[PDB]
Amino acid sequence: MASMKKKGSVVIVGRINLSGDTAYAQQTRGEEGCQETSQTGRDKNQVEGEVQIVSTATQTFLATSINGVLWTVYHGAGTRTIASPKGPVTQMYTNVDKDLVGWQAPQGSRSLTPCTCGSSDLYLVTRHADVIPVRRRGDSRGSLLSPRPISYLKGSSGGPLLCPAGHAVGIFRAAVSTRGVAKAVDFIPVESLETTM
Ligand SMILES: COc1ccc2nc(C)c(O[C@@H]3C[C@H]4C(=O)N[C@]5(C(=O)NS(=O)(=O)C6(C)CC6)C[C@H]5/C=C\CCCCC[C@H](NC(=O)OCC5(C)CC5)C(=O)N4C3)nc2c1
Ligand SMILES: [Zn+2]
């Protein structure tokens with residue numbers, strides 16, 4: 001069929017700045033430039049940092065570099081390429097059973113180190129640069145110390161859960177809610193990433 005369309009690439013549209021004493025979101029590309037970059041797959045913007053804000057034509061979420069792989073959720077990215085300076089980059093990891101995908105980390109990004117602390121005092125980083133204390137409750141669950149409406153977590157899948165030392169403990173996947181209040185989060189453990197690799 002000569003009519004059949006191709007889905008666009010995932011596009012980096014900003015980042016969560018964790019460099020200093022204050023966490024804050026930065027936008028690096030507007031909606032229109034995102035639209036064109038998604039269709040061409042050609043993204044000339046400089047990439048920095050560990051947590052990227054990413055978008056498709058219809059969804060926005062996060063992606064996190066750990067050990068030289070930019071990781072995110074399958075329910076956001078599907079099987080899509082990511083835009084890069086030389087054109088679309090095909091996924092190097094895809095696992096729908098884990099809700100997980102990964103591409104080679106962009107040039108200029110910084111990678112988080114996988115946590116080996118065994119600590120259960122975690123920190124979730126959201127797309128609004130909120131740093132949310134989370135107590136680990138199992139291999140893939142943690143409770144929010146201060147619950148809040150799921151609205152505040154929407155769009156943060158693909159972001160990191162970090163240990164007190166700033167290592168990557170997991171990738172935020174799903175919210176566990178009661179009457180619209182997020183009491184707990186479900187995440188992909190970093191060990192599951194390390195095994196996928
Ligand atoms: C298609 O192929 C696949 C393969 C595997 C897969 N595996 C999943 C677990 C999954 O789940 C769905 C997406 C996910 C998010 O919503 N993810 C974010 C998020 O932010 N997404 S997002 O906005 O960035 C978006 C949509 C990308 C743009 C983090 C939340 C934030 C708010 C959630 C509010 C309402 C939703 C509450 C819900 N809860 C829950 O399902 O609990 C289950 C469990 C743990 C047993 C009890 C929930 O979280 N999700 C539902 N889809 C798939 C799909
Ligand atoms: Zn650690």
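Numbering of ligands and ligand atoms starts at 1, following listing order. Position 1 is the first residue of the sequence, and the numbers go up from there.
Salt-bridge check for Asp43 with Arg29: passed, with a basic side-chain N closer than 4.0 Å to an acidic carboxylate O. Salt bridge annotation for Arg173-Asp186: present, with a cationic side-chain nitrogen under 4.0 angstrom from a carboxylate oxygen.
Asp99 OD2, 3.8 Å is the protein heavy atom nearest to atom 8 (C) of ligand 1. At the shortest separation from atom 2 (O) of ligand 1 among protein heavy atoms lies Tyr74 CD2, 3.3 Å. From the protein, the heavy atom lying nearest to atom 34 (C) of ligand 1 is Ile150 CD1, 3.7 Å. Shortest contact from atom 17 (N) of ligand 1 to any protein heavy atom: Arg173 O, 2.8 Å. Nearest protein neighbour of atom 24 (O) of ligand 1, counting heavy atoms only, is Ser157 OG, 2.8 Å. The nearest protein atom to atom 20 (O) of ligand 1, hydrogens excluded, is given as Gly155 N, 3.0 Å; this is a heavy-atom distance. For atom 21 (N) of ligand 1, the closest heavy atom belonging to the protein is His75 NE2, 3.0 Å.
Under the 3.5 Å distance criterion, with hydrogens and angles disregarded, a donor-acceptor pair is assigned to the side chains of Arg15 and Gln26. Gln91 and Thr94 form a side-chain donor-acceptor contact under 3.5 Å, judged by distance and modelled atom types alone. In this model, a donor atom of one side chain and an acceptor atom of the other lie less than 3.5 Å apart for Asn17 and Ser19. Under 3.5 Å, the side chains of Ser38 and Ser9 contain no donor-acceptor pair of N or O atoms. Under the 3.5 Å distance criterion, with hydrogens and angles disregarded, a donor-acceptor pair is assigned to the side chains of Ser55 and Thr60. For the 3.5 Å distance criterion, the side chains of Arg137 and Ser143 qualify, holding a donor opposite an acceptor.
Atom 36 (C) of ligand 1 lies below 4.0 Å from none of the non-hydrogen atoms of the protein. Atom 51 (C) of ligand 1 lies below 4.0 Å from none of the non-hydrogen atoms of the protein.
Hydrophobic clustering (ILVMFWY, side-chain heavy atoms < 4.5 Å, transitive): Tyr152 and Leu145 are in distinct clusters.
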Inset, instruction - Could you check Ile132 against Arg148 for side chain to side chain contact (heavy atoms under 4.5 Å, CB included), going step by step and ending with a plain yes or no? - result: CA-CA 10 Å; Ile132 293 174; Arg148 60 205 82 197; 3.7 Å; yes
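In this structure, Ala83 and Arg42 approach most closely via the heavy-atom pair CB-N, 4.3 Å. Considering every non-hydrogen atom in both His75 and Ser157, the closest pair reads NE2-OG, 3.5 Å. Nearest heavy-atom pair across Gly158 and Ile171 is CA-CG2, 3.6 Å.
The Zn ion (ligand 2) has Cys115 SG, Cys117 SG, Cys163 SG, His167 ND1 as its protein N, O or S neighbours under 2.8 Å.
Close approach of ligand 1 to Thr60 (heavy-atom distance below 4.0 Å) involves ligand atoms 24 (O), 28 (C). Atom numbering of ligand 1 starts at 1 in the shown order; those under 4.0 Å from a heavy atom of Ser156 are 20 (O), 24 (O). Within ligand 1, the atoms closer than 4.0 Å to a non-hydrogen atom of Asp186 are 45 (C), numbered from 1 in the order shown. Residue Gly76 has at least one heavy-atom neighbour below 4.0 Å for each of these atoms of ligand 1: 27 (C). Near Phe172, meaning under 4.0 Å from one of its heavy atoms, ligand 1 places the atoms 29 (C). Here is the list of ligand 1 atoms found below 4.0 Å of a heavy atom in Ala175: 32 (C), 33 (C), 37 (C), 38 (C), 39 (N), 40 (C), 42 (O), 48 (C), 49 (O).
Ligand 1 lies out of reach of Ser177, whose nearest heavy atom is not under 4.0 Å from it.
Counting heavy atoms closer than 4.0 Å to ligand 1, residue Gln59 contributes side-chain atoms (C-beta onward) but none from N, CA, C or O. At a heavy-atom cutoff of 4.0 Å, ligand 1 is contacted by both the backbone and the side chain of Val96. If you look at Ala174 next to ligand 1, the close heavy atoms, those under 4.0 Å, come from the backbone and the side chain alike.
In this structure, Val181 and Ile150 have side chains that are not in contact, with every pair of non-hydrogen atoms separated by 4.5 Å or more.
A ring-centre distance under 6.0 Å is found for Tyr93 and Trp71.
Between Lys154 and ligand 1, a contact under 3.5 Å exists for no N or O pair. Taking only nitrogen or oxygen atoms, main chain and side chain alike, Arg141 does not reach within less than 3.5 Å of ligand 1.
Residue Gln52 is tested with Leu62, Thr28, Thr72, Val47 for a side chain to side chain contact (heavy atoms under 4.5 Å, CB included); the sole match is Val47.
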